[PDB]
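Peer 1: Dropping in data-v4.csv, which is CSV, C-alpha atoms:
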```csv
chain,number,residue,atom,x,y,z
A,1,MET,CA,93.0,103.5,251.1
A,2,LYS,CA,94.5,101.7,248.2
A,3,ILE,CA,93.5,98.3,246.8
A,4,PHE,CA,95.4,96.4,244.2
A,5,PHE,CA,93.2,95.0,241.5
A,6,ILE,CA,94.9,92.0,239.8
A,7,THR,CA,93.4,92.0,236.3
A,8,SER,CA,94.1,92.3,232.6
A,9,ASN,CA,90.7,93.8,231.8
A,10,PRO,CA,90.9,97.7,231.4
A,11,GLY,CA,87.2,98.0,231.2
A,12,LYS,CA,86.7,96.3,234.6
A,13,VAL,CA,89.3,98.4,236.2
A,14,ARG,CA,87.5,101.6,235.0
A,15,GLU,CA,84.2,100.4,236.4
A,16,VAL,CA,85.7,99.4,239.8
A,17,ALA,CA,87.8,102.6,240.0
A,18,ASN,CA,84.7,104.7,239.1
A,19,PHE,CA,82.6,103.2,241.9
A,20,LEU,CA,85.1,103.0,244.7
A,21,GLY,CA,86.9,106.2,243.8
A,22,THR,CA,83.9,108.2,245.0
A,23,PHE,CA,84.5,106.8,248.5
A,24,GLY,CA,88.2,107.7,248.8
A,25,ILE,CA,89.5,104.3,247.6
A,26,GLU,CA,92.3,104.2,245.2
A,27,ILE,CA,92.4,101.2,242.8
A,28,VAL,CA,95.8,100.2,241.4
A,29,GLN,CA,95.7,97.8,238.5
A,30,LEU,CA,98.4,95.0,238.8
A,31,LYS,CA,98.9,92.9,235.7
A,32,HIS,CA,99.9,89.6,237.3
A,33,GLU,CA,98.6,86.5,235.5
A,34,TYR,CA,96.9,83.8,237.5
A,35,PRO,CA,95.1,80.6,236.6
A,36,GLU,CA,91.4,80.8,236.1
A,37,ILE,CA,90.2,77.2,236.5
A,38,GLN,CA,87.3,75.6,234.7
A,39,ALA,CA,84.5,75.4,237.2
A,40,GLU,CA,80.7,75.5,237.4
A,41,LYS,CA,80.7,78.6,239.6
A,42,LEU,CA,82.4,81.9,239.4
A,43,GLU,CA,83.1,81.7,243.1
A,44,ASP,CA,85.3,78.6,242.5
A,45,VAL,CA,87.4,80.5,240.0
A,46,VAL,CA,87.9,83.3,242.4
A,47,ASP,CA,88.8,81.0,245.3
A,48,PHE,CA,91.5,79.3,243.3
A,49,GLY,CA,92.8,82.6,242.0
A,50,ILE,CA,93.2,84.1,245.5
A,51,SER,CA,94.9,81.0,246.8
A,52,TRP,CA,97.3,81.1,243.9
A,53,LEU,CA,98.1,84.8,244.2
A,54,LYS,CA,98.5,85.3,247.9
A,55,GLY,CA,102.1,86.1,248.9
A,56,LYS,CA,103.0,87.1,245.4
A,57,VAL,CA,101.3,90.5,245.1
A,58,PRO,CA,101.0,93.5,247.4
A,59,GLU,CA,98.0,93.7,249.7
A,60,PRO,CA,95.2,94.2,250.1
A,61,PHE,CA,94.3,92.9,246.7
A,62,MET,CA,91.2,92.0,244.8
A,63,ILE,CA,90.3,90.0,241.7
A,64,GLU,CA,87.0,89.5,240.0
A,65,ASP,CA,85.2,87.1,237.7
A,66,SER,CA,81.9,87.5,235.9
A,67,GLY,CA,79.7,86.1,233.3
A,68,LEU,CA,76.4,86.2,231.4
A,69,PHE,CA,74.1,83.3,232.1
A,70,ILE,CA,71.3,82.7,229.5
A,71,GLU,CA,68.2,80.8,230.7
A,72,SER,CA,67.2,79.2,227.4
A,73,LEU,CA,70.8,78.0,227.0
A,74,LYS,CA,71.1,76.4,230.5
A,75,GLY,CA,73.3,79.1,231.8
A,76,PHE,CA,75.7,79.3,228.9
A,77,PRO,CA,78.1,81.0,228.4
A,78,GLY,CA,78.5,81.6,232.1
A,79,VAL,CA,81.9,81.1,233.5
A,80,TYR,CA,83.3,81.0,230.0
A,81,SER,CA,81.7,84.2,228.8
A,82,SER,CA,85.1,85.7,227.8
A,83,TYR,CA,86.1,82.8,225.6
A,84,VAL,CA,82.7,82.6,224.0
A,85,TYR,CA,82.7,86.3,223.3
A,86,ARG,CA,86.1,86.2,221.6
A,87,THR,CA,85.0,83.3,219.4
A,88,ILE,CA,81.4,83.4,218.4
A,89,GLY,CA,80.8,86.9,219.8
A,90,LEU,CA,77.6,88.9,219.8
A,91,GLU,CA,76.6,87.4,216.5
A,92,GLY,CA,76.9,83.9,217.9
A,93,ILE,CA,74.7,84.5,220.9
A,94,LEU,CA,72.0,86.2,218.7
A,95,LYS,CA,72.1,83.3,216.3
A,96,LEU,CA,71.6,80.8,219.2
A,97,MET,CA,68.7,82.8,220.4
A,98,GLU,CA,66.8,83.1,217.1
A,99,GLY,CA,63.2,82.0,217.7
A,100,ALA,CA,63.8,81.9,221.5
A,101,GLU,CA,60.5,82.1,223.5
A,102,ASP,CA,62.5,83.2,226.6
A,103,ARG,CA,65.3,85.7,226.2
A,104,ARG,CA,65.9,86.1,229.9
A,105,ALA,CA,69.5,86.1,231.3
A,106,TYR,CA,71.5,87.4,234.2
A,107,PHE,CA,74.9,88.8,234.7
A,108,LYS,CA,76.8,87.8,237.8
A,109,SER,CA,80.0,89.3,239.3
A,110,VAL,CA,82.1,87.8,242.1
A,111,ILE,CA,84.8,89.9,243.8
A,112,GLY,CA,87.5,88.2,245.8
A,113,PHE,CA,89.4,90.2,248.4
A,114,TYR,CA,92.5,89.3,250.4
A,115,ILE,CA,93.8,91.1,253.4
A,116,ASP,CA,95.7,90.1,256.6
A,117,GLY,CA,96.0,86.5,255.5
A,118,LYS,CA,92.2,86.0,254.9
A,119,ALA,CA,90.0,85.8,251.8
A,120,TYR,CA,86.5,87.3,251.4
A,121,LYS,CA,84.0,87.2,248.6
A,122,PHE,CA,81.2,89.6,247.5
A,123,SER,CA,78.7,89.0,244.7
A,124,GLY,CA,76.1,90.7,242.6
A,125,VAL,CA,73.5,89.6,240.1
A,126,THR,CA,71.4,91.6,237.6
A,127,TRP,CA,68.6,89.9,235.6
A,128,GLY,CA,67.6,91.2,232.2
A,129,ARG,CA,67.1,90.0,228.7
A,130,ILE,CA,69.1,89.5,225.5
A,131,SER,CA,68.2,92.1,222.8
A,132,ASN,CA,67.5,91.1,219.2
A,133,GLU,CA,70.2,93.5,218.0
A,134,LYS,CA,73.4,95.0,219.4
A,135,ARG,CA,73.4,98.7,220.4
A,136,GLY,CA,75.8,100.9,222.3
A,137,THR,CA,79.3,102.2,222.2
A,138,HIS,CA,80.2,101.8,225.9
A,139,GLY,CA,81.3,98.9,228.0
A,140,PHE,CA,82.7,95.6,226.8
A,141,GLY,CA,81.8,92.0,226.1
A,142,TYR,CA,78.1,91.2,225.9
A,143,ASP,CA,77.1,94.7,227.1
A,144,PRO,CA,75.7,95.6,223.6
A,145,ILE,CA,73.0,92.8,223.7
A,146,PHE,CA,72.0,92.9,227.4
A,147,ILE,CA,69.1,95.0,228.6
A,148,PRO,CA,68.8,95.0,232.5
A,149,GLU,CA,65.3,94.6,234.0
A,150,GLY,CA,63.6,98.0,234.3
A,151,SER,CA,65.6,99.6,231.5
A,152,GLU,CA,65.1,100.4,227.8
A,153,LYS,CA,68.8,100.6,227.2
A,154,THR,CA,71.5,98.0,226.8
A,155,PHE,CA,74.5,98.1,229.1
A,156,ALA,CA,76.5,99.4,226.2
A,157,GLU,CA,74.2,102.5,225.9
A,158,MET,CA,75.1,103.5,229.5
A,159,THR,CA,78.0,105.4,230.9
A,160,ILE,CA,80.2,103.7,233.5
A,161,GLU,CA,78.3,105.5,236.3
A,162,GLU,CA,74.9,104.6,234.9
A,163,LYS,CA,76.0,100.9,234.4
A,164,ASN,CA,77.4,100.7,237.9
A,165,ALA,CA,74.1,101.9,239.3
A,166,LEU,CA,72.3,98.9,237.8
A,167,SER,CA,74.9,96.1,237.1
A,168,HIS,CA,76.0,92.9,238.7
A,169,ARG,CA,79.4,94.4,239.2
A,170,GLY,CA,77.9,97.5,240.8
A,171,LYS,CA,76.0,95.3,243.3
A,172,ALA,CA,79.1,93.3,244.1
A,173,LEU,CA,81.1,96.6,244.6
A,174,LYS,CA,78.3,97.9,246.9
A,175,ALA,CA,78.6,94.8,249.2
A,176,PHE,CA,82.4,95.1,249.0
A,177,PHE,CA,82.3,98.8,250.0
A,178,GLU,CA,80.0,98.1,252.9
A,179,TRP,CA,82.3,95.5,254.2
A,180,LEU,CA,85.3,97.8,253.8
A,181,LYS,CA,83.5,100.6,255.8
A,182,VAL,CA,82.6,98.3,258.6
A,183,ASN,CA,85.7,96.2,258.9
A,184,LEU,CA,88.5,98.5,258.0
A,185,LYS,CA,87.1,102.0,258.9
A,186,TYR,CA,89.6,103.5,256.5
B,1,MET,CA,50.7,77.5,226.2
B,2,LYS,CA,51.1,81.0,227.5
B,3,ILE,CA,49.8,82.3,230.9
B,4,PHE,CA,49.7,85.9,231.9
B,5,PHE,CA,51.0,86.5,235.4
B,6,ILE,CA,49.7,89.8,236.8
B,7,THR,CA,52.3,90.9,239.4
B,8,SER,CA,54.9,93.5,240.2
B,9,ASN,CA,57.2,91.1,241.9
B,10,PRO,CA,60.1,90.1,239.6
B,11,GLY,CA,61.3,87.4,242.0
B,12,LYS,CA,58.0,85.6,241.9
B,13,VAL,CA,57.9,85.8,238.1
B,14,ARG,CA,61.3,84.1,237.9
B,15,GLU,CA,60.3,81.3,240.3
B,16,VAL,CA,57.0,80.7,238.4
B,17,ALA,CA,58.7,80.9,235.0
B,18,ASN,CA,61.4,78.5,236.1
B,19,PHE,CA,59.0,75.9,237.3
B,20,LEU,CA,56.4,76.0,234.5
B,21,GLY,CA,58.9,76.7,231.7
B,22,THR,CA,60.2,73.2,232.0
B,23,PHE,CA,56.8,71.9,230.9
B,24,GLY,CA,56.3,74.1,227.8
B,25,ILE,CA,54.4,76.9,229.6
B,26,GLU,CA,55.3,80.5,228.8
B,27,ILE,CA,54.8,83.0,231.6
B,28,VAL,CA,54.2,86.6,230.5
B,29,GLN,CA,54.4,89.2,233.3
B,30,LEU,CA,51.7,91.8,233.1
B,31,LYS,CA,52.1,94.8,235.4
B,32,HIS,CA,48.4,95.7,236.0
B,33,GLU,CA,47.7,96.9,239.5
B,34,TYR,CA,44.8,95.4,241.5
B,35,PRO,CA,43.6,95.9,245.0
B,36,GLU,CA,44.9,93.4,247.6
B,37,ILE,CA,42.4,93.5,250.4
B,38,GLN,CA,43.1,93.2,254.1
B,39,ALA,CA,41.9,89.7,255.1
B,40,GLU,CA,42.7,86.8,257.4
B,41,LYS,CA,43.4,84.4,254.5
B,42,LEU,CA,45.6,84.6,251.4
B,43,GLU,CA,42.8,82.9,249.6
B,44,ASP,CA,40.5,85.9,250.2
B,45,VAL,CA,43.0,88.3,248.8
B,46,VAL,CA,43.3,86.2,245.7
B,47,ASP,CA,39.5,85.8,245.2
B,48,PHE,CA,39.0,89.6,245.3
B,49,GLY,CA,42.0,90.1,243.0
B,50,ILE,CA,40.7,87.8,240.3
B,51,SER,CA,37.2,89.3,240.6
B,52,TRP,CA,38.6,92.8,240.1
B,53,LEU,CA,40.9,91.8,237.2
B,54,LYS,CA,38.7,89.7,235.0
B,55,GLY,CA,37.7,91.3,231.8
B,56,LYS,CA,40.6,93.8,232.1
B,57,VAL,CA,43.6,91.6,231.2
B,58,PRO,CA,44.3,88.9,228.6
B,59,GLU,CA,43.5,85.3,229.4
B,60,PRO,CA,44.3,82.9,230.8
B,61,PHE,CA,45.8,84.8,233.7
B,62,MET,CA,47.1,84.1,237.2
B,63,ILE,CA,48.0,86.0,240.3
B,64,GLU,CA,49.6,84.9,243.6
B,65,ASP,CA,49.7,85.9,247.2
B,66,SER,CA,52.0,84.5,249.8
B,67,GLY,CA,53.2,85.0,253.3
B,68,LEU,CA,55.3,83.8,256.3
B,69,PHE,CA,53.3,82.7,259.3
B,70,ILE,CA,55.3,82.5,262.6
B,71,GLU,CA,53.8,80.2,265.3
B,72,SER,CA,55.1,82.1,268.3
B,73,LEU,CA,53.7,85.3,266.8
B,74,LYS,CA,50.1,84.0,266.2
B,75,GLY,CA,50.7,83.7,262.5
B,76,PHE,CA,52.3,87.2,262.0
B,77,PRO,CA,53.2,88.6,259.6
B,78,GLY,CA,51.1,86.4,257.4
B,79,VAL,CA,49.0,88.1,254.8
B,80,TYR,CA,51.0,91.3,255.5
B,81,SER,CA,54.4,89.8,255.0
B,82,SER,CA,55.4,92.3,252.3
B,83,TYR,CA,54.6,95.4,254.4
B,84,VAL,CA,56.3,94.0,257.5
B,85,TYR,CA,59.4,93.1,255.5
B,86,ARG,CA,59.6,96.6,254.0
B,87,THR,CA,59.3,98.3,257.4
B,88,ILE,CA,60.8,96.2,260.3
B,89,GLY,CA,62.5,93.8,257.9
B,90,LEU,CA,64.6,90.8,258.8
B,91,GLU,CA,66.0,92.6,261.8
B,92,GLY,CA,62.5,93.2,263.2
B,93,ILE,CA,61.5,89.5,262.9
B,94,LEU,CA,64.7,88.4,264.6
B,95,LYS,CA,64.2,91.0,267.3
B,96,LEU,CA,60.7,89.7,268.0
B,97,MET,CA,62.0,86.2,268.1
B,98,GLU,CA,64.8,86.8,270.6
B,99,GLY,CA,64.5,84.2,273.4
B,100,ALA,CA,61.7,82.3,271.6
B,101,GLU,CA,61.3,78.7,272.7
B,102,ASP,CA,59.5,77.9,269.5
B,103,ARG,CA,60.9,79.2,266.2
B,104,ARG,CA,58.6,77.2,263.9
B,105,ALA,CA,56.9,78.9,261.0
B,106,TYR,CA,55.4,78.2,257.6
B,107,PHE,CA,55.3,79.8,254.3
B,108,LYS,CA,52.1,79.6,252.3
B,109,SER,CA,51.4,80.4,248.6
B,110,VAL,CA,48.0,80.7,246.9
B,111,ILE,CA,47.8,80.9,243.2
B,112,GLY,CA,44.6,82.2,241.5
B,113,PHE,CA,43.9,81.2,237.9
B,114,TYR,CA,41.2,82.5,235.6
B,115,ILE,CA,40.2,80.9,232.3
B,116,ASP,CA,37.0,80.7,230.2
B,117,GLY,CA,35.1,82.8,232.8
B,118,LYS,CA,35.9,80.7,235.8
B,119,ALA,CA,38.4,81.1,238.7
B,120,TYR,CA,40.5,78.3,240.3
B,121,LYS,CA,42.9,78.3,243.2
B,122,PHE,CA,45.9,76.2,244.1
B,123,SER,CA,47.9,76.3,247.3
B,124,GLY,CA,51.1,75.1,248.9
B,125,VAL,CA,52.6,75.2,252.4
B,126,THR,CA,56.1,74.5,253.6
B,127,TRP,CA,56.9,74.4,257.3
B,128,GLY,CA,60.3,75.3,258.7
B,129,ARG,CA,61.9,77.5,261.3
B,130,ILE,CA,63.3,81.0,261.7
B,131,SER,CA,67.1,81.1,261.8
B,132,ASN,CA,68.9,83.2,264.4
B,133,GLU,CA,70.8,85.0,261.6
B,134,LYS,CA,70.3,85.9,258.0
B,135,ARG,CA,72.2,84.0,255.3
B,136,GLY,CA,72.0,83.8,251.5
B,137,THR,CA,72.2,85.9,248.4
B,138,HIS,CA,69.2,84.4,246.5
B,139,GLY,CA,65.5,84.9,246.7
B,140,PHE,CA,63.6,87.8,248.3
B,141,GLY,CA,61.7,88.8,251.4
B,142,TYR,CA,62.2,86.6,254.4
B,143,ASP,CA,64.1,83.9,252.5
B,144,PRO,CA,67.3,84.8,254.4
B,145,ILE,CA,65.9,83.8,257.7
B,146,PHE,CA,63.7,80.8,256.8
B,147,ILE,CA,65.1,77.2,256.9
B,148,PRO,CA,62.6,74.7,255.5
B,149,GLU,CA,62.1,71.4,257.4
B,150,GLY,CA,64.7,68.8,256.3
B,151,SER,CA,67.2,71.4,255.2
B,152,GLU,CA,70.4,73.0,256.6
B,153,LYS,CA,70.1,76.0,254.3
B,154,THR,CA,67.9,79.1,254.3
B,155,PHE,CA,65.7,79.7,251.2
B,156,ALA,CA,68.2,82.5,250.3
B,157,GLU,CA,71.0,80.0,250.1
B,158,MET,CA,69.2,78.1,247.4
B,159,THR,CA,69.0,78.5,243.6
B,160,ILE,CA,65.5,79.1,242.1
B,161,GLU,CA,65.4,75.4,241.1
B,162,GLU,CA,66.4,74.2,244.5
B,163,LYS,CA,63.9,76.5,246.3
B,164,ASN,CA,61.1,75.5,244.0
B,165,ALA,CA,61.7,71.9,244.8
B,166,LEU,CA,61.0,72.6,248.5
B,167,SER,CA,59.0,75.8,248.8
B,168,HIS,CA,55.3,76.7,249.3
B,169,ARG,CA,55.3,78.3,245.9
B,170,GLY,CA,56.7,75.2,244.3
B,171,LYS,CA,54.0,73.1,245.9
B,172,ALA,CA,51.3,75.5,244.6
B,173,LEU,CA,52.8,75.4,241.2
B,174,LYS,CA,52.9,71.6,241.2
B,175,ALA,CA,49.1,71.4,242.0
B,176,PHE,CA,48.6,74.1,239.3
B,177,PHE,CA,50.6,72.2,236.7
B,178,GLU,CA,48.7,69.0,237.4
B,179,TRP,CA,45.4,70.8,236.9
B,180,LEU,CA,46.6,72.4,233.6
B,181,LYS,CA,47.7,69.0,232.3
B,182,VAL,CA,44.4,67.3,233.1
B,183,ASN,CA,42.0,70.1,232.2
B,184,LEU,CA,43.7,71.8,229.3
B,185,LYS,CA,45.8,69.1,227.7
B,186,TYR,CA,48.0,71.8,226.1
```
Could you write out this structure as structure tokens?
Peer 2:
Amino acid sequence: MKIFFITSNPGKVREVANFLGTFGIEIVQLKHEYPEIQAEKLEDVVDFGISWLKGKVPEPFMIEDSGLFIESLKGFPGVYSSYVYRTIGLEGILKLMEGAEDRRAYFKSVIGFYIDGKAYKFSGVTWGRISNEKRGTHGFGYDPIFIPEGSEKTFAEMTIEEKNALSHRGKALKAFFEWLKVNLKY
Amino acid sequence: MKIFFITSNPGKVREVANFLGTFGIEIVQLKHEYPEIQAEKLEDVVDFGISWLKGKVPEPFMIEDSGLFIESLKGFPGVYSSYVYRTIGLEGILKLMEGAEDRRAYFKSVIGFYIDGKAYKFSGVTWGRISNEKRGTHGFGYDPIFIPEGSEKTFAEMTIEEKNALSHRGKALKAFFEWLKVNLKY
């Protein structure tokens, strides 16, 4: 069964393809731009995206939005994680966190799926903490400064398979896969 | 002011840290195992736990025990909520409640606190009902099938802040905070 993943993020495609590929699912990246609205929830961005894309791309298709939410920073950068990463980057987050009593944060992923004229959403959350230094050559974004709960390594020190086994995206993909199994029986 | 929370439940740590953190209290999780005795009251489990831990962990420290008490089931699973959840789970409770005339139940939380060689306890109770279906991606345990009185959402459909504003644990934490204010003036 093939699923078209509308995204411009190669790293995300690799993580999604790695996880689902093990279950006979073929992920096909489709670079079709769509508006990502400003909103207080990743789910709202995904809802608008699906509504904008339907009828314009092959089906079934999926999109995804994710972000890092830092407790001591009231959830920042959250929905705007990509922009913040491109501007202030890892250095900026570490600067903001200097002297922070609480370095806890969570990553969240929301997957939107569209098939037979209906939209569905799946989400995943992984709590952890912001490290005091960047480490790792894998992943992308804030992976070098995020250590998931129960681990001694940052996401960037993990392989795609290892990251998927613990990440927000991996959890969203697990829920997504279960739904696919049950509803499509592909 | 820091308080060591002796527990192996990450979800509970997050709820406690969220509530008290807003008042300048730093919660530090300490994973030190202690015996949780079989008893007919959460308070008895907490009393034994504190007595077993004192002198072994830094101070001041706190522990907590909680459970779901279903009216039509004579208070079950109560003190053994964790074990019952791990075995029969949400499905088991819903199965037991099929055809139930009365779906009322309450959640109770008891916090034990030890400082300067003395133990103190604080409790909270929130009544509600068992839903006929699980809903929600937040929380843990029976949160997906418990709707607190005055709400249209299950605990699992609420954020930590929203849950704390209505839950048994939130009420116990409120009593705890008031005591801290008055007796420690930190």
Peer 1: A:7, A:29, A:109, A:66: which is nearest residue 168 of chain A, counting all atoms listed in the file?
Peer 2: A:109
Peer 1: List as a CSV table (one decimal) with C-alpha atoms, keeping the file's coordinate frame the protein and nucleic acid residues near residue 69 of chain B, meaning an atom at most 9 Å away when all atoms listed in the file are counted, but skip any in the same chain fewer than 6 places from it.
Peer 2:
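So the final result, stored in out.csv, reads:
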```csv
chain,number,residue,atom,x,y,z
B,75,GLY,CA,50.7,83.7,262.5
B,76,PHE,CA,52.3,87.2,262.0
B,77,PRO,CA,53.2,88.6,259.6
B,78,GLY,CA,51.1,86.4,257.4
B,79,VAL,CA,49.0,88.1,254.8
B,81,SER,CA,54.4,89.8,255.0
B,104,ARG,CA,58.6,77.2,263.9
B,105,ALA,CA,56.9,78.9,261.0
B,106,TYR,CA,55.4,78.2,257.6
B,107,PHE,CA,55.3,79.8,254.3
B,108,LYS,CA,52.1,79.6,252.3
```
Peer 1: Identify, on the basis of all atoms listed in the file, every residue whose closest approach to segment 170-178 of chain B does not exceed 9 Å; exclude the query and any residue fewer than 6 positions from it along the same chain; express the result as a ChimeraX atom specification.
Peer 2: /B:15-16,19-20,23,108-111,113,121-126,163-164
Peer 1: Nearest residue to chain A out of B:150, B:35, B:112, B:136, using all atoms listed in the file?
Peer 2: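 When distances to chain A are compared using all atoms listed in the file, the smallest one comes from B:136.
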Peer 1: Separation of atom CA of residue 91 of chain B and atom CA of residue 36 of chain B, in Å?
Peer 2: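 One can read the atom CA of residue 91 of chain B to atom CA of residue 36 of chain B distance as 25.4 Å.
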Peer 1: Which residue out of B:169, B:51, B:101, B:139 has the minimum interatomic distance to chain A when only C-alpha atoms are used?
Peer 2: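 Using only C-alpha atoms, the shortest distance to chain A belongs to B:139.
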Peer 1: Please indicate the distance in Å from atom CA of residue 95 of chain A to atom CA of residue 133 of chain A, rounded to one decimal place.
Peer 2: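 Straight-line distance from atom CA of residue 95 of chain A to atom CA of residue 133 of chain A works out to 10.5 Å.
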Peer 1: Closest to residue 9 of chain B among B:128, B:115, B:140, B:94, using all atoms listed in the file?
Peer 2: B:140
Peer 1: To one decimal place in Å, what is the distance between atom CA of residue 4 of chain B and atom CA of residue 58 of chain B?
Peer 2: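 Going from atom CA of residue 4 of chain B over to atom CA of residue 58 of chain B, I get 7.0 Å.
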Peer 1: Please determine, counting only C-alpha atoms, which residue among B:98, B:92, B:160, B:37 has the shortest atom-to-atom distance to chain A.
Peer 2: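 Checking each of B:98, B:92, B:160, B:37 against chain A, counting only C-alpha atoms, the winner is B:160.
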Peer 1: Which polymer residues have any atom within 8 Å of an atom of residue 90 of chain B, counting all atoms listed in the file, with same-chain residues fewer than 5 positions away left out, as a list in words?
Peer 2: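 Contacts, in chain order: residues 85, 134, 142, 144 and 145 of chain B.
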Peer 1: I'd like the neighbourhood of residue 3 of chain B as a ChimeraX atom specification, where a residue qualifies if any of its atoms comes within 8 Å (using all atoms listed in the file), though same-chain residues fewer than 6 positions away should be ignored.
Peer 2: /B:25-28,59-62
Peer 1: Within 7 Å of residue 46 of chain B, counting all atoms listed in the file, which residues show up once you throw out same-chain ones fewer than 4 positions away? Write them as a PyMOL selection string, please.
Peer 2: chain B and resi 42+50+64-65+112
Peer 1: Go through B:30, B:17, B:88, B:96 and flag the residue nearest chain A, using all atoms listed in the file for the distances.
Peer 2: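 Of the candidates, the smallest distance to chain A is held by B:17.
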